[PDB]
Amino acid sequence: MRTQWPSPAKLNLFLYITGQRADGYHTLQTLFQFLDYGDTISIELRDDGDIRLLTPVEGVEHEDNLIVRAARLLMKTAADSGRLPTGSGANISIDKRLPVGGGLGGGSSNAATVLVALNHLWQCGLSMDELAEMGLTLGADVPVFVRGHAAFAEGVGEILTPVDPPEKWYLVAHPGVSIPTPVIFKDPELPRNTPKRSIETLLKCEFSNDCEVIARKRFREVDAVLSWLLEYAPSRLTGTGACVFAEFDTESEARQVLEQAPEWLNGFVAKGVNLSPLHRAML
Ligand SMILES: Nc1ncnc2c1ncn2[C@@H]1O[C@H](COP(=O)(O)OP(=O)(O)O)[C@@H](O)[C@H]1O
Ligand SMILES: Nc1nc(=O)[nH]cc1C#CCNS(=O)(=O)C1CCCC1
């Protein structure tokens, strides 16, 4: 039997950088919402203990792939606590719609979907807390996807308070440039002093992304996409870019703007989701 599992994108609806820890990571205040749009991961169980990703992700080696790393990490954690039925393995395939890189979190979502699916399929019985703890070792974005709810995130992104932001419609655009996440976070001029504020304050304040000014300055393609969208709707960088999104109250308006968009915006339209499609599938 094959099972299929959603791997949704996320948006950072706002993002404030509040400081930096000694190990390099930044402490932030951000608001995660899923999109009802993303990759689909298909899994067929194996009985020989092997883990095989059958569909390569462009530019990613098999053992570097967050899909394989998640699966191996669950297998090692489960086997070390006696929670791995003998012979547990998997064949994994992905229909990948999310850009590799871009701020939509596709790789982290892939890892989270694999952790959740294989925990169920192999019957490891790991708790949400346990999966999120292992997920954090694969990326600071992974716990929000594991836990499955829109959330106000503090710390480095793993301190998650569920909130239900309005589920807007979004035109998500991908500028034609790859921005490595470390470039933004290493920039001397990145805000790392935005005051830490309460969720009420942040919900009433206009949403912004502290990384946007640097992404726009350093990558002309991002500035171009943001300038175009800003004529139609509130629009912002998500993550550290390059992806930008525009927010609409209705599906109709979002799709009309996308119809007008030059092809170099590389756009799609999707609705916000406060419950992850992964967790809606798990019901
Ligand atoms: N299954 C995967 N999907 C996407 N990227 C992956 C995957 N496995 C490893 N990666 C790596 O992670 C990076 C992209 O991660 P992703 O979460 O897509 O970033 P972003 O948040 O910028 O979209 C790439 O450098 C790539 O090498
Ligand atoms: N806290 C971090 N510090 C770093 O130095 N690197 C990565 C970090 C992370 C994280 C949680 N994911 S996130 O989406 O909220 C974040 C990633 C893109 C922009 C916002």
# chains A, B, ... in the order shown; residues from 1 in each chain; ligands from 1
$ select_by_dssp --residues "region 64-153 of chain A" --states "strand (DSSP E)" --output "PDB file with N, CA, C and O atoms, in the first residue's frame"
ATOM      1  N   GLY A  89      11.305  -0.035   7.099  1.00  0.00           N
ATOM      2  CA  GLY A  89      11.969   0.729   6.046  1.00  0.00           C
ATOM      3  C   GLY A  89      10.946   1.465   5.206  1.00  0.00           C
ATOM      4  O   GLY A  89       9.740   1.388   5.461  1.00  0.00           O
ATOM      5  N   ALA A  90      11.425   2.184   4.173  1.00  0.00           N
ATOM      6  CA  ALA A  90      10.472   2.897   3.327  1.00  0.00           C
ATOM      7  C   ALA A  90      11.045   3.237   1.957  1.00  0.00           C
ATOM      8  O   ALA A  90      12.234   3.514   1.818  1.00  0.00           O
ATOM      9  N   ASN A  91      10.169   3.253   0.969  1.00  0.00           N
ATOM     10  CA  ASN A  91      10.429   3.918  -0.302  1.00  0.00           C
ATOM     11  C   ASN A  91       9.677   5.239  -0.281  1.00  0.00           C
ATOM     12  O   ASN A  91       8.469   5.262  -0.016  1.00  0.00           O
ATOM     13  N   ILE A  92      10.362   6.342  -0.579  1.00  0.00           N
ATOM     14  CA  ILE A  92       9.745   7.668  -0.477  1.00  0.00           C
ATOM     15  C   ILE A  92       9.848   8.364  -1.828  1.00  0.00           C
ATOM     16  O   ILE A  92      10.907   8.319  -2.454  1.00  0.00           O
ATOM     17  N   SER A  93       8.751   8.973  -2.281  1.00  0.00           N
ATOM     18  CA  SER A  93       8.737   9.745  -3.518  1.00  0.00           C
ATOM     19  C   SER A  93       8.134  11.104  -3.228  1.00  0.00           C
ATOM     20  O   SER A  93       7.314  11.259  -2.315  1.00  0.00           O
ATOM     21  N   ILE A  94       8.546  12.109  -3.975  1.00  0.00           N
ATOM     22  CA  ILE A  94       7.977  13.426  -3.740  1.00  0.00           C
ATOM     23  C   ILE A  94       7.624  14.055  -5.079  1.00  0.00           C
ATOM     24  O   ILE A  94       8.414  13.987  -6.028  1.00  0.00           O
ATOM     25  N   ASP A  95       6.413  14.602  -5.160  1.00  0.00           N
ATOM     26  CA  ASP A  95       6.013  15.526  -6.222  1.00  0.00           C
ATOM     27  C   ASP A  95       6.274  16.933  -5.684  1.00  0.00           C
ATOM     28  O   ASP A  95       5.533  17.435  -4.828  1.00  0.00           O
ATOM     29  N   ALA A 151       1.369  29.792  14.298  1.00  0.00           N
ATOM     30  CA  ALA A 151       1.923  30.032  15.622  1.00  0.00           C
ATOM     31  C   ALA A 151       2.757  31.299  15.641  1.00  0.00           C
ATOM     32  O   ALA A 151       3.456  31.615  14.678  1.00  0.00           O
ATOM     33  N   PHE A 152       2.683  31.996  16.770  1.00  0.00           N
ATOM     34  CA  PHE A 152       3.647  33.020  17.127  1.00  0.00           C
ATOM     35  C   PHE A 152       4.881  32.299  17.618  1.00  0.00           C
ATOM     36  O   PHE A 152       4.770  31.476  18.528  1.00  0.00           O
ATOM     37  N   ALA A 153       6.033  32.581  17.007  1.00  0.00           N
ATOM     38  CA  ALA A 153       7.290  31.892  17.310  1.00  0.00           C
ATOM     39  C   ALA A 153       8.313  32.862  17.862  1.00  0.00           C
ATOM     40  O   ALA A 153       8.596  33.905  17.258  1.00  0.00           O
TER      41      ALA A 153
END
$ residues_around --residues "residue 279 (chain A)" --least-positions-apart "2" --cutoff "12 Å" --atoms "only C-alpha atoms" --output "JSON, numbers by chain"
{"A": [5, 6, 7, 8, 34, 36, 112, 113, 116, 117, 128, 144, 145, 146, 147, 148, 149, 150, 273, 274, 275, 276, 277, 281, 282, 283]}
$ write_last_selection --atoms "C-alpha atoms" --output "short mmCIF file (atom, residue, chain, number, x, y, z; two decimals), in the first residue's frame"
data_model
loop_
_atom_site.label_atom_id
_atom_site.label_comp_id
_atom_site.auth_asym_id
_atom_site.auth_seq_id
_atom_site.Cartn_x
_atom_site.Cartn_y
_atom_site.Cartn_z
CA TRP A 5 1.13 13.04 2.72
CA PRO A 6 0.94 16.82 2.22
CA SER A 7 4.02 18.94 2.74
CA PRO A 8 2.71 22.54 2.84
CA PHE A 34 0.78 27.54 6.37
CA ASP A 36 -2.93 25.22 1.46
CA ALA A 112 8.43 17.34 9.13
CA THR A 113 6.03 15.43 6.89
CA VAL A 116 5.11 12.57 11.18
CA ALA A 117 4.21 10.05 8.45
CA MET A 128 4.55 15.55 19.28
CA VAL A 144 6.27 24.51 13.33
CA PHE A 145 5.51 21.98 10.57
CA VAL A 146 5.66 19.01 12.94
CA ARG A 147 3.24 20.65 15.39
CA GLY A 148 0.83 21.62 12.60
CA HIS A 149 -0.68 24.96 13.73
CA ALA A 150 -0.17 28.60 12.84
CA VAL A 273 -4.15 27.72 6.54
CA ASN A 274 -4.06 27.86 10.33
CA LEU A 275 -4.21 24.04 10.49
CA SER A 276 -1.47 22.36 8.46
CA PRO A 277 -2.70 20.24 5.55
CA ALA A 281 -4.61 14.55 6.40
CA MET A 282 -3.64 12.77 9.59
CA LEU A 283 -7.22 12.89 10.97
#
$ residues_near_ligand --ligand "ligand 2" --cutoff "10 Å" --atoms "only C-alpha atoms and all ligand atoms" --output "PyMOL selection string"
chain A and resi 10-21+23-32+102-105+108+136+139-144+152-159+180-186+209-211+237-241
$ residues_around --residues "residue 87 (chain A)" --least-positions-apart "2" --cutoff "10 Å" --atoms "only C-alpha atoms" --output "MDAnalysis selection string"
chainID A and resid 45:50 84:85 89:90 122
$ atom_distance --atom1 "CA of residue 251 (chain A)" --atom2 "CA of residue 232 (chain A)"
14.1 Å
$ select_by_dssp --residues "region 46-132 of chain A" --states "alpha helix (DSSP H)" --output "ChimeraX atom specification"
/A:66-80,106-121,128-132
$ residues_around --residues "residue 252 (chain A)" --least-positions-apart "6" --cutoff "12 Å" --atoms "only C-alpha atoms" --output "ChimeraX atom specification"
/A:168-171,258-259,269-271
$ write_last_selection --atoms "N, CA and C atoms" --output "mmCIF file, in the first residue's frame"
data_model
loop_
_atom_site.group_PDB
_atom_site.id
_atom_site.type_symbol
_atom_site.label_atom_id
_atom_site.label_comp_id
_atom_site.auth_asym_id
_atom_site.auth_seq_id
_atom_site.Cartn_x
_atom_site.Cartn_y
_atom_site.Cartn_z
ATOM 1 N N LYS A 168 -5.883 34.726 4.887
ATOM 2 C CA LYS A 168 -5.997 35.506 3.669
ATOM 3 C C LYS A 168 -5.693 34.631 2.444
ATOM 4 N N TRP A 169 -5.902 35.210 1.261
ATOM 5 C CA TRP A 169 -5.428 34.642 0.010
ATOM 6 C C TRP A 169 -4.137 35.331 -0.396
ATOM 7 N N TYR A 170 -3.185 34.562 -0.898
ATOM 8 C CA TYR A 170 -1.868 35.123 -1.153
ATOM 9 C C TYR A 170 -1.469 34.837 -2.583
ATOM 10 N N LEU A 171 -0.861 35.833 -3.216
ATOM 11 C CA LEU A 171 -0.105 35.637 -4.447
ATOM 12 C C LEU A 171 1.334 35.546 -3.999
ATOM 13 N N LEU A 258 -2.679 37.798 -10.435
ATOM 14 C CA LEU A 258 -1.759 36.800 -10.982
ATOM 15 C C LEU A 258 -1.910 36.694 -12.499
ATOM 16 N N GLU A 259 -3.146 36.808 -12.990
ATOM 17 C CA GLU A 259 -3.409 36.833 -14.433
ATOM 18 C C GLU A 259 -2.675 37.963 -15.138
ATOM 19 N N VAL A 269 -1.087 31.332 -6.553
ATOM 20 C CA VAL A 269 -2.035 31.831 -5.556
ATOM 21 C C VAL A 269 -2.442 30.697 -4.619
ATOM 22 N N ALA A 270 -2.477 30.982 -3.314
ATOM 23 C CA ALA A 270 -2.844 29.960 -2.330
ATOM 24 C C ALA A 270 -3.499 30.593 -1.121
ATOM 25 N N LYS A 271 -4.375 29.845 -0.442
ATOM 26 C CA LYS A 271 -4.972 30.352 0.776
ATOM 27 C C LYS A 271 -4.126 30.010 1.997
#
$ atom_distance --atom1 "CA of residue 118 (chain A)" --atom2 "atom 27 (O, counted along the ligand's line) of ligand 1"
22.0 Å
$ atom_distance --atom1 "CA of residue 233 (chain A)" --atom2 "CA of residue 268 (chain A)"
15.0 Å
$ residues_around --residues "region 70-73 of chain A" --least-positions-apart "5" --cutoff "7 Å" --atoms "only C-alpha atoms" --output "VMD selection string"
chain A and resid 111 114 to 115
$ residues_around --residues "residue 178 (chain A)" --least-positions-apart "3" --cutoff "10 Å" --atoms "only C-alpha atoms" --output "VMD selection string"
chain A and resid 99 to 102 174 to 175 181 219 221 241 to 243
$ residues_around --residues "residue 62 (chain A)" --least-positions-apart "6" --cutoff "8 Å" --atoms "only C-alpha atoms" --output "mmCIF file with N, CA, C and O atoms, in the first residue's frame"
data_model
loop_
_atom_site.group_PDB
_atom_site.id
_atom_site.type_symbol
_atom_site.label_atom_id
_atom_site.label_comp_id
_atom_site.auth_asym_id
_atom_site.auth_seq_id
_atom_site.Cartn_x
_atom_site.Cartn_y
_atom_site.Cartn_z
ATOM 1 N N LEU A 53 14.916 7.255 -1.129
ATOM 2 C CA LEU A 53 14.192 8.338 -1.784
ATOM 3 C C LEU A 53 14.302 8.100 -3.290
ATOM 4 O O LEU A 53 15.398 8.153 -3.866
ATOM 5 N N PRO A 56 14.802 12.166 -6.957
ATOM 6 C CA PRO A 56 15.750 13.185 -6.475
ATOM 7 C C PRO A 56 15.148 14.580 -6.477
ATOM 8 O O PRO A 56 14.286 14.922 -7.290
ATOM 9 N N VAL A 68 15.595 12.172 3.577
ATOM 10 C CA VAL A 68 16.350 10.989 3.998
ATOM 11 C C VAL A 68 16.903 11.195 5.399
ATOM 12 O O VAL A 68 16.881 10.280 6.243
#
$ closest_residue --among "A:200, A:231, A:63, A:249" --to "ligand 1" --atoms "only C-alpha atoms and all ligand atoms"
A:63
$ closest_residue --among "A:132, A:121, A:126, A:54" --to "ligand 1" --atoms "only C-alpha atoms and all ligand atoms"
A:54
$ decode --residues "region 69-86 of chain A" --atoms "C-alpha atoms" --output "tab-separated table (two decimals), in the first residue's frame"
chain	number	residue	atom	x	y	z
A	69	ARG	CA	17.93	12.68	7.00
A	70	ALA	CA	14.56	12.85	8.76
A	71	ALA	CA	13.78	9.21	8.01
A	72	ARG	CA	17.19	8.01	9.17
A	73	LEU	CA	17.02	10.15	12.32
A	74	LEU	CA	13.64	8.71	13.29
A	75	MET	CA	14.94	5.22	12.59
A	76	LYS	CA	18.02	5.77	14.80
A	77	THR	CA	16.00	7.42	17.61
A	78	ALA	CA	13.34	4.73	17.57
A	79	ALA	CA	15.84	1.88	17.42
A	80	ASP	CA	17.80	3.33	20.35
A	81	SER	CA	14.68	3.30	22.56
A	82	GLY	CA	13.34	-0.04	21.31
A	83	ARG	CA	10.50	1.58	19.31
A	84	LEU	CA	11.35	0.33	15.81
A	85	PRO	CA	9.51	-2.77	14.56
A	86	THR	CA	12.05	-5.17	13.03
